[PDB]
């Protein structure tokens, strides 16, 4: 067992870490840092071609690459790690045990453009904005904005842009994503820019807008990528920025994120923490626990636990099928391997039909995978059918955790195994708890079968411009499949408190077995309804729904919309009427 110790010796710690990690030989490593501030530049970092699910693949500069250990552990002792430019801070591949603790991650210059809206001229199609300085960086050239200008890198456009409350640093009431692609930007002097372009949705005067650049390059790497690993514990790890997601796990098992978080630095002038998901779990297995953590100000969801749907491309022989990934940021994924159990899904029926066990895999390229199964394939397997990995699904628990003031859904749940969401505090621009099995664009699997959402506080939820709900069960399945079959099952939503401004509470589509019980809804938020006459509850194409012992306080609101087939099995004790 090797033990490496480090101190803040050089202005760029990357070469020192790079050299030490290269000479490691033992399969058990522990790295200790003396409490201090360490800066890492990518210039002299190791570079490898990497495959990163739900990010862009490519050549990456990597600061910490820990591959193949029996156990590897990083003790930050409260240090702060400052990164620079396009770099992947941490990669843990192929480790039988991983622990990182007591560390703060941040960048020296964020990959964002943040500006206060001074005025909007919709008639002439421009807006005037004052860019936030702090440690943001940008300039003008060619009549357009360039940012962040780090190591010679600049985005082409501001890209997808969102309006935030300047004081609360949360998304504005009614906020809608707006794509900025302006070729015409003037310096008006005194630090004011005039951005010429017509927008479908302009930002409100006085708000701060965020921009994270071009869709095709701004998912560079998460702060942590864990691949093919086991027994992973993050403890007192705080992320202030990343060029992608915060904690990303692929094909890994038994994960704990404890007393950790993704949020803004107290007193800073930052608006965005991670530019994508705070936490993300792609085809993991074993157990996942998020406890005592805090996720704020990301530009995407707080958590997404899900697997991959691959698409049957052709049948090779009686035991061998070739599948394809469906979304461009899934290519390069390690879908399966020897001894995995796999579900077959046959058009046009959305359900898991049968199970088989993988004998071997021939990865053809990053898009196509040839899988040979131990048992004969189903006779009805056809091109366009789906494979879902059955082995690589986790149990999932989130408790005593805060998720608020960010862009997107708080919690996105797609595992078929036991899921517990309890004793959390939630506040979400979009839906708070969202279910979306997806075979249309994202190809993310996860018809659920056992989910308990209880004793949480939902405060200020679903204030986006587009319609959302506190609990939103909404699969989006390819038109090659029937659109009215039961998908998710056995969801319980018990004893939560919802502070509301008139938003939807539950929207359920194709759920079989949904209990909404013991909840208190407090219409006590002074903000305007953005979708008039939205019911508290709406159910379409579902079965065995029960409303029980809920309470509504405040100005009246439409309670129920239910279609005829769901009404047939709706138990409703009239708790709210």
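Positions refer to the first chain, counted from 1.
According to the PDB record, 133-141 carries the higher mean C-alpha B-factor of the two stretches 424-432 and 133-141.
In this entry, 190-198 shows the higher mean Cα temperature factor of the pair 443-451 and 190-198. The PDB entry assigns its highest CA temperature factor, among 116, 300, 235, 287, to 116. In the deposited coordinates, the residue among 418, 270, 218, 241 with the greatest CA B-factor is 270. Residue 62: CA B factor lies in the lowest third for its chain, per the PDB record. Among all modelled residues in its chain, residue 157 ranks in the highest third by Cα B-factor. Sorting the modelled residues of the chain by their CA temperature factor places residue 501 in the highest third. In the PDB entry, residue 206 places in the highest third of its chain by CA B-factor. In the PDB entry, residue 358 places in the lowest third of its chain by CA B-factor.
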